[PDB]
Amino acid sequence: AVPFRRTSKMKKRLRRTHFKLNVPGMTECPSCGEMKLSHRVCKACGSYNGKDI
Amino acid sequence: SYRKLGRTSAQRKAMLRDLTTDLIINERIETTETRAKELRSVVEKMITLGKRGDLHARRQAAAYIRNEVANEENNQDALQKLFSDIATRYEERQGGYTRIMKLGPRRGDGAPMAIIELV
Amino acid sequence: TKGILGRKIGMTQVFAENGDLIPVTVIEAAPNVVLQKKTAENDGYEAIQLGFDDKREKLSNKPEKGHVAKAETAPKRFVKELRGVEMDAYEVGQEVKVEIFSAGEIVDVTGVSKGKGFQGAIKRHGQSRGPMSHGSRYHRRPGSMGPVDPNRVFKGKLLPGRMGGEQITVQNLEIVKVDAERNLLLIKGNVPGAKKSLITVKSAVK
Amino acid sequence: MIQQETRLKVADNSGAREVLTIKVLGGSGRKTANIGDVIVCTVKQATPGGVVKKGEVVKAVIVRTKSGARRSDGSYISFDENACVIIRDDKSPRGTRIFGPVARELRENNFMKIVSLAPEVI
Amino acid sequence: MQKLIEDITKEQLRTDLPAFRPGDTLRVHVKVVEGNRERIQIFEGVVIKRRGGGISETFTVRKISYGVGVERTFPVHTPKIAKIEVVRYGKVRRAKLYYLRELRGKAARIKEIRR
RNA sequence: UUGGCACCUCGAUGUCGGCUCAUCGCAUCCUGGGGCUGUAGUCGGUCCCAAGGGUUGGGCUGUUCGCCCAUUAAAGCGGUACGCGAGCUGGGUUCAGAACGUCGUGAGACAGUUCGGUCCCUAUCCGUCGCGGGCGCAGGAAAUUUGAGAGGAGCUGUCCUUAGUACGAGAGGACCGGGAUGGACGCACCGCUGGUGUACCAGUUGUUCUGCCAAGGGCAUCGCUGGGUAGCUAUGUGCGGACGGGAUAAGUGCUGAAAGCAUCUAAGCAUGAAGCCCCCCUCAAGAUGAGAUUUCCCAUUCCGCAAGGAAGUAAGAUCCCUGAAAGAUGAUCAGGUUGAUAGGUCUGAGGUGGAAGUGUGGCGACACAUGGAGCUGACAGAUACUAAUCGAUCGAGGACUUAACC
């Protein structure tokens, strides 16, 4: 229940390949321009689907 | 199916019940999205009861909702508000009494919050 | 040899000139259509395709549209391929229906089992559990992995995994009834798979 | 769905009242035997010293259960207890009468003797 | 699709039947076969249970015969049943009378209603 | 096996038995096929080929083993650290306590006994079971597929007939061949039976709360009790292991010489098993040997002498979103505004069982009618009411040589 050997740098990195972050699904705010998540609200425009809250 | 929300039956009922009352009062609230998804059904359901307006429905909805104020200067409660105001609002609509606009996540949870409305 | 393919709906009971119940499975096979007619000269074996759907054009694609437009029909969703049948009988654009069969023909049917998910050794492989008392800290577990000498674990040792979703056949079933007006088959018993799922029926491989 | 170490009651004028099961006379390992089936048994409660006696090994036939039986027509039948009848190295009984109702599955198996002895068959 | 099921099973459904309730005494003239000599048999008892939909509807009748409790379940729409006939309805507060399984001896009695 | 020797291990290789999990050998327990018989038949004995599959549940004992009861076609012998303790138990052996017998002056001791006595570890690598991503497969894509090759399955009784025939003096009682029905095992499924069913229904107790009655809510294991849809389920249902082919084992032989005969053998021919390869089922082109078929897209722009590179795209796919028949997550599948993907709404099914209010009768508890009522989570049918918006990203331009058509 313990490592029989110490893990090398190479395998450490090979494991940490997939350990990463994809970017968001991004879109502009057509109202005031800046970027935004898809299907979500522009925090700065305060707008969504051509409608302000 | 239906969700559990990391709670027991009793305390999720209490959650949803409080939230229904809070939404009836404020006509808009910010929560998590999943909680909103689970509200949407029961909330439109109580609105059906309001559209009925019968006393049987009054007593059902009273069994569900909580005894809070919804409008000072009127001594009004959530239940009276529900039936009178909201049924007078939605005589004509057949379901879909809500909107769920997704917001981004939260700082502490990373939890996707979202607002919910009465449309 | 013969065959058809449709979609499962559900199950019910049916009598047979008696009080004798029949647990029945219900299938709708809207008239399937031929799409391609393979040969040993080009395809290396004799066989045909069959389509079962009427999709939307918003869902289909150009190559599908051409591949069916050889025939005078619409894009299809469930397309599969029969083997070892009479070839001269069939043609392209040719529809096949339930009145092939009758109310006593035996059948081998085929489908896709339900998805049970990542389940354990017992439910997946029918193993026995350990005792739930007498001091045991062992139950619902798969067992030993093997002996010591080979310093390893043999293949085929059975373990948890995604139970379900397998292509399954069931042999020697019996057709009970047909409703060609509704494009329906009523088969004695039960089949693999969930409702709304594809089911390929075949003359039984006796 | 009786099995070994089931305690049944007898339905004849043989002298036994309660009985216990040892085995189902089926195959290698048969777990259960609903009705029309045969078993090996011992007497546990009996009358005064009539024919059959305490702690005596016999074999017997099942005539009713509450793990009811099924029929090809979907007509099922279950009773409120689990009872049996004793035989003589053969499909014939030894008790001269029968107490209680019986099922029709004892004609599939050829216990028509018992069927005739019965008051009622269902 | 259950619409479709009903559409295809309406033929085997029946219309000769009365309405009966869980808890009412009832005879049934079921058919039997012994040696190619068809006969009938009268099972007269009380309805413990009724369930199911359409053709799969099923119901259970309980009786006592020679001191022994008996239950006999039938699907509703058999041709095998020649007939059923109520003798008395019953004032009962339930749908499934599994307590009568346990009880007997003039406590397993049902107050008639004269519907 | 009892052992002998002390070669690894005392900076630790956990030791009996049992549970789960199996696996291998065959000197085969059953099933299959045969020879011989002091084989009449039925049953048997012995030997040969065969390891495909199967090879019980209990009592006593810690036990292995063994005896016993009842079954079974049979209740096989062994190996795998007397398989398997980072998988379980820990009853026994084998710590410390105490006791009996016995020995000892005594402290104490006994393969003598008895009672009681802490079983740790988040799995790094390989391995195994499942699941994804990346790249490749001389252009890019959507589908269907071949099958090398792999795995699975592979058991068996009883009854009827043949026929009470053959055999037998009789008792008794067949081979073969037909047919039916079961056991165990496995696969699938929930229409039945039943179970479960914690956002369904009803009843009911105590307390408390909604100002009070009525009606209801909270807590009390879901408060308890009686039912219970979907789904998941077995004990329930359906189905299977059948038909058969090819080559063989032991065996049987035909023809036939060497060896004027005989000879199953050297030449040459044929039979012949639950076994081998197939037939049955499943996976399968990473089968780098990367396959085949059908259909779609076109062969653009910039540099760069060319080599080659990037930079917008087509077909198409994805991000993202609604969701489940799917699911740990990815994935898969159905859908994404000319659409029913989910929710909601309305119809229903099914379940519960006759709501609240009102009235009547009753002192009252309560009953009757209104009224198969009211309520209802996932079930299916409609319905564009709500949310699946607007976007964005990736994705081809198709090397050379040779042969044939041209």
# chains A, B, ... in the order shown; residues from 1 in each chain; ligands from 1
$ residues_around --residues "residue 66 of chain E" --least-positions-apart "5" --cutoff "8 Å" --atoms "only C-alpha atoms (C1' of nucleotides)" --output "PyMOL selection string"
chain D and resi 99-101
$ interface_residues --of "chain E" --to "chain D" --cutoff "6 Å" --atoms "only C-alpha atoms" --output "NGL selection string"
:E and (66 or 69-74)
$ write_last_selection --atoms "N, CA, C and O atoms" --output "compact mmCIF listing (two decimals), in the first residue's frame"
# COMPACT_ATOMS: atom_id res chain seq x y z
N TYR E 66 -63.22 -26.55 4.41
CA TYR E 66 -62.83 -27.60 5.33
C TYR E 66 -61.79 -27.10 6.31
O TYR E 66 -60.77 -27.73 6.57
N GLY E 69 -57.90 -22.01 4.79
CA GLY E 69 -58.00 -20.81 4.00
C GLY E 69 -57.37 -20.97 2.63
O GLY E 69 -56.26 -21.48 2.49
N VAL E 70 -58.08 -20.48 1.63
CA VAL E 70 -57.74 -20.65 0.23
C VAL E 70 -57.86 -19.30 -0.45
O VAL E 70 -58.76 -18.52 -0.14
N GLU E 71 -56.97 -19.05 -1.39
CA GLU E 71 -57.03 -17.89 -2.26
C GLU E 71 -56.75 -18.34 -3.68
O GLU E 71 -55.93 -19.23 -3.93
N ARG E 72 -57.44 -17.70 -4.60
CA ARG E 72 -57.47 -18.11 -5.99
C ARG E 72 -57.49 -16.82 -6.79
O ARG E 72 -58.42 -16.02 -6.64
N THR E 73 -56.46 -16.60 -7.59
CA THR E 73 -56.31 -15.38 -8.36
C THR E 73 -56.60 -15.69 -9.81
O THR E 73 -56.12 -16.69 -10.34
N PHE E 74 -57.34 -14.80 -10.45
CA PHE E 74 -57.71 -14.92 -11.83
C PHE E 74 -57.40 -13.62 -12.55
O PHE E 74 -57.61 -12.54 -11.99
$ interface_residues --of "chain E" --to "chain C" --cutoff "7 Å" --atoms "only C-alpha atoms" --output "ChimeraX atom specification"
/E:55-56,78-80
$ select_by_dssp --residues "chain D" --states "strand (DSSP E or B)" --output "PyMOL selection string"
chain D and resi 2+7-10+12+16-24+33+38-46+57-64+69+76-79+83-87+93+98+102+121
$ residues_around --residues "segment 166-175 of chain C" --least-positions-apart "6" --cutoff "8 Å" --atoms "only C-alpha atoms (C1' of nucleotides)" --output "list in words"
residues 101, 102, 103, 104, 105, 106, 107, 108, 109, 110, 111, 112, 113, 114, 185, 186, 187, 188, 189, 191, 192, 204 and 205 of chain C; 188, 239, 240, 281 and 282 of chain F
$ closest_atom_pairs --of "chain B" --to "chain F" --cutoff "7 Å" --atoms "only C-alpha atoms (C1' of nucleotides)" --output "Markdown table"
| residue | atom | partner | partner_atom | distance |
| --- | --- | --- | --- | --- |
| B:1 | CA | F:378 | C1' | 4.2 |
| B:9 | CA | F:198 | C1' | 6.3 |
| B:41 | CA | F:344 | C1' | 6.4 |
| B:44 | CA | F:344 | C1' | 6.6 |
| B:56 | CA | F:356 | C1' | 5.5 |
| B:63 | CA | F:217 | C1' | 5.8 |
| B:93 | CA | F:385 | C1' | 6.3 |
| B:94 | CA | F:345 | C1' | 5.0 |
| B:95 | CA | F:344 | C1' | 4.8 |
| B:96 | CA | F:386 | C1' | 4.1 |
| B:97 | CA | F:386 | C1' | 6.6 |
| B:98 | CA | F:386 | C1' | 5.8 |
| B:99 | CA | F:386 | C1' | 5.9 |
| B:100 | CA | F:387 | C1' | 6.8 |
$ write_last_selection --atoms "N, CA and C atoms" --output "PDB file, in the first residue's frame"
ATOM      1  N   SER B   1     -37.733  11.383 -12.863  1.00  0.00           N
ATOM      2  CA  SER B   1     -36.930  11.360 -11.650  1.00  0.00           C
ATOM      3  C   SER B   1     -37.020  12.688 -10.938  1.00  0.00           C
ATOM      4  N   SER B   9     -35.042  14.045   2.738  1.00  0.00           N
ATOM      5  CA  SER B   9     -36.374  14.343   2.246  1.00  0.00           C
ATOM      6  C   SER B   9     -36.964  15.532   2.976  1.00  0.00           C
ATOM      7  N   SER B  41     -40.975  23.274 -11.257  1.00  0.00           N
ATOM      8  CA  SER B  41     -42.141  22.407 -11.285  1.00  0.00           C
ATOM      9  C   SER B  41     -43.140  22.785 -10.204  1.00  0.00           C
ATOM     10  N   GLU B  44     -44.763  26.328 -10.481  1.00  0.00           N
ATOM     11  CA  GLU B  44     -45.847  26.378 -11.447  1.00  0.00           C
ATOM     12  C   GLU B  44     -47.055  25.604 -10.949  1.00  0.00           C
ATOM     13  N   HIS B  56     -60.285  24.361  -1.425  1.00  0.00           N
ATOM     14  CA  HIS B  56     -59.495  23.147  -1.355  1.00  0.00           C
ATOM     15  C   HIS B  56     -58.065  23.442  -1.765  1.00  0.00           C
ATOM     16  N   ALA B  63     -50.923  24.157   3.228  1.00  0.00           N
ATOM     17  CA  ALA B  63     -50.167  23.032   3.745  1.00  0.00           C
ATOM     18  C   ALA B  63     -48.739  23.088   3.261  1.00  0.00           C
ATOM     19  N   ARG B  93     -52.201  32.264 -19.266  1.00  0.00           N
ATOM     20  CA  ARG B  93     -51.073  31.434 -19.619  1.00  0.00           C
ATOM     21  C   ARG B  93     -51.295  30.002 -19.167  1.00  0.00           C
ATOM     22  N   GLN B  94     -50.817  29.076 -19.984  1.00  0.00           N
ATOM     23  CA  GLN B  94     -50.869  27.648 -19.705  1.00  0.00           C
ATOM     24  C   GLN B  94     -49.446  27.175 -19.463  1.00  0.00           C
ATOM     25  N   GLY B  95     -49.003  27.280 -18.224  1.00  0.00           N
ATOM     26  CA  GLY B  95     -47.710  26.764 -17.859  1.00  0.00           C
ATOM     27  C   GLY B  95     -46.587  27.663 -18.301  1.00  0.00           C
ATOM     28  N   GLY B  96     -45.383  27.366 -17.842  1.00  0.00           N
ATOM     29  CA  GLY B  96     -44.248  28.173 -18.198  1.00  0.00           C
ATOM     30  C   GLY B  96     -44.309  29.510 -17.511  1.00  0.00           C
ATOM     31  N   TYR B  97     -44.557  29.484 -16.209  1.00  0.00           N
ATOM     32  CA  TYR B  97     -44.679  30.697 -15.427  1.00  0.00           C
ATOM     33  C   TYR B  97     -43.335  31.202 -14.931  1.00  0.00           C
ATOM     34  N   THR B  98     -42.233  30.657 -15.442  1.00  0.00           N
ATOM     35  CA  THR B  98     -40.912  30.950 -14.913  1.00  0.00           C
ATOM     36  C   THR B  98     -39.894  31.142 -16.022  1.00  0.00           C
ATOM     37  N   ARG B  99     -38.780  31.746 -15.635  1.00  0.00           N
ATOM     38  CA  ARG B  99     -37.574  31.814 -16.432  1.00  0.00           C
ATOM     39  C   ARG B  99     -36.400  31.509 -15.529  1.00  0.00           C
ATOM     40  N   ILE B 100     -35.391  30.873 -16.103  1.00  0.00           N
ATOM     41  CA  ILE B 100     -34.190  30.490 -15.385  1.00  0.00           C
ATOM     42  C   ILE B 100     -33.013  30.958 -16.224  1.00  0.00           C
TER      43      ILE B 100
END
